[PDB]
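Undergrad: Here's a structure for you.
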Amino acid sequence: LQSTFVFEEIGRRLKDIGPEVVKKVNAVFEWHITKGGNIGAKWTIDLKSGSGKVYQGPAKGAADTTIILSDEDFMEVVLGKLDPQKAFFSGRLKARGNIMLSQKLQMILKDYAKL
């Protein structure tokens with residue numbers, strides 16, 4: 001899965017900017033990456049305490065929002081080729097739980113995606 005490189009990089013970056021992100025987001029996000037409509041990987045981006053954590057599998061506790069999308073579509077979003085809000089309304093990106101929180105995370109990570 002191409003998305004693995006991205007989750008691993010978010011993990012590496014949190015080690016340095018994690019505290020600031022945690023204060024700003026204060027949520028837990030679970031990700032179900034599909035490949036064949038079938039789940040190929042699950043990830044959790046915990047931005048609830050400490051410097052945050054990125055780990056494989058389902059959230060250890062409750063996830064505030066769960067995002068489900070294909071590996072390919074996730075990469076399109078990351079590369080700026082697919083707008084996540086447009087993907088959500090077209091049905092390519094599913095979001096469960098507190099949907100608007102993921103948009104909060106989107107904007108906060110964008111900031112750090114240029115420092």
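Identifiers for the structure tokens are assigned positionally: chains receive A, B, ... in sequence, residues are indexed from 1 per chain, and ligands are indexed from 1 in the order shown.
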Tell me which protein, DNA and RNA residues are within 9 Å of region 16-26 of chain A, counting only C-alpha atoms, leaving out same-chain ones fewer than 3 positions away, and put them as a list in words.
TA: residues 11, 12, 13, 46, 47, 48, 49, 50, 51, 52, 53, 101, 104, 105, 108, 109 and 112 of chain A
Undergrad: For each of A:86, A:67, A:43, A:73, take the minimum atom-to-atom distance to residue 8 (chain A), counting only C-alpha atoms, then give the residue where this is smallest.
TA: A:43
Undergrad: Identify, with DSSP run on backbone atoms, the residues in region 8-115 of chain A assigned to alpha helix (DSSP H), and express the list as a ChimeraX atom specification.
TA: /A:8-25,71-78,84-89,99-112
Undergrad: From the set A:4, A:38, A:56, A:102, which residue has the shortest atom-to-atom contact distance to residue 74 (chain A), counting only C-alpha atoms?
TA: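 Closest residue, counting only C-alpha atoms: A:4.
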Undergrad: Which neighbours of residue 64 (chain A) fall inside 8 Å, counting only C-alpha atoms, when residues of the same chain fewer than 4 positions from it are skipped, and could you give them as a list in words?
TA: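 Neighbouring residues, sequence-local ones excluded: residues 27, 28, 29, 30, 97, 98 and 101 of chain A.
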Undergrad: Report as an MDAnalysis selection string: the residues of chain A with a DSSP assignment of strand (DSSP E or B), based on the backbone of this structure.
TA: chainID A and resid 27:34 39:47 53:56 65:70 94:97
Undergrad: Rank A:69, A:113, A:63, A:78 by their smallest atom-to-atom distance to residue 90 (chain A), using only C-alpha atoms, and report the top residue only.
TA: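 Among A:69, A:113, A:63, A:78, it is A:69 that comes nearest to residue 90 (chain A).
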Undergrad: Near residue 33 (chain A), within 7 Å and counting only C-alpha atoms, which residues show up once chain neighbours fewer than 4 positions away are dropped, as a list in words?
TA: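 Here the answer would be residues 39, 40, 41, 42, 68, 69, 70 and 71 of chain A.
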Undergrad: Generate the output file for the selected residues, C-alpha atoms, as an mmCIF file, in the first residue's frame.
TA:
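Result went into again-v2.cif, see below:
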```
data_model
loop_
_atom_site.group_PDB
_atom_site.id
_atom_site.type_symbol
_atom_site.label_atom_id
_atom_site.label_comp_id
_atom_site.auth_asym_id
_atom_site.auth_seq_id
_atom_site.Cartn_x
_atom_site.Cartn_y
_atom_site.Cartn_z
ATOM 1 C CA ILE A 39 -9.603 -3.284 3.939
ATOM 2 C CA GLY A 40 -5.862 -3.493 3.295
ATOM 3 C CA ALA A 41 -4.755 -1.563 6.354
ATOM 4 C CA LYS A 42 -6.000 0.278 9.404
ATOM 5 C CA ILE A 68 -12.650 4.944 4.875
ATOM 6 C CA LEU A 69 -11.180 5.295 1.386
ATOM 7 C CA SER A 70 -9.079 3.402 -1.128
ATOM 8 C CA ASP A 71 -5.274 3.483 -1.034
#
```
